[PDB]
């Protein structure tokens, strides 16, 4: 698996009229193989098109949380879903709270072609 492919598996779920149910994160964290080794504490899925998310690599250059300079913030807000592990959640039955939002995303980009490889933040 390439880094670009990993970003698509971990963070992309393109859909118009995204309506993530209370069960969404429970299903998606499992189906995208994010609960195989351990319960991943937090994750974000983006519902805009791949073209639109890839386009962010040419948008607003911002500092990455880790101090690197290869992060970019979207000029427009994007439909997203946040997944946050619950208190009662016990591996291998990882449990999540599902919260829909409309926010600017920040991603790190690398390579040729210059594409997203890391989801940094939503703002």
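Each residue's number is its place along the chain shown, starting with 1.
This deposition comes from X-ray crystallography, 1.7 Å.
Including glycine, each Cβ sits where the backbone N, Cα and C put it.
These come from Swiss-Prot:
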type     : residues                         : note
CARBOHYD : 6                                : glycation site
BINDING  : 6, 9, 40, 41, 42, 43, 44, 65, 84 : substrate binding site
ACT_SITE : 11                               : active site, proton acceptor
DISULFID : 25-83                            : disulfide bond
CARBOHYD : 33                               : N-linked glycosylation site
CARBOHYD : 36                               : glycation site
DISULFID : 39-94                            : disulfide bond
CARBOHYD : 40                               : glycation site
DISULFID : 57-109                           : disulfide bond
DISULFID : 64-71                            : disulfide bond
ACT_SITE : 118                              : active site, proton donor
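Here the Cβ of residue 83 (disulfide bond) has 22 other Cβ atoms within 10 Å, regardless of which shown protein chain they belong to. Of all the recorded positions listed here (36, 40, 118), the one with the fewest other CB atoms within 10 A of its own CB is 36.
In three-state terms derived from DSSP, residue 11 (active site, proton acceptor) belongs to a helical segment. For residue 84 (substrate binding site), the count of additional Cβ atoms within 10 Å of its Cβ stands at 14 [all protein chains shown]. Burial estimate for the recorded positions (25, 42, 71, 109): highest at 25, by number of other CB atoms within 10 Å. Comparing CA positions across the recorded positions 36, 84, 109, 118, the one lying closest to residue 25 (disulfide bond) turns out to be 84.
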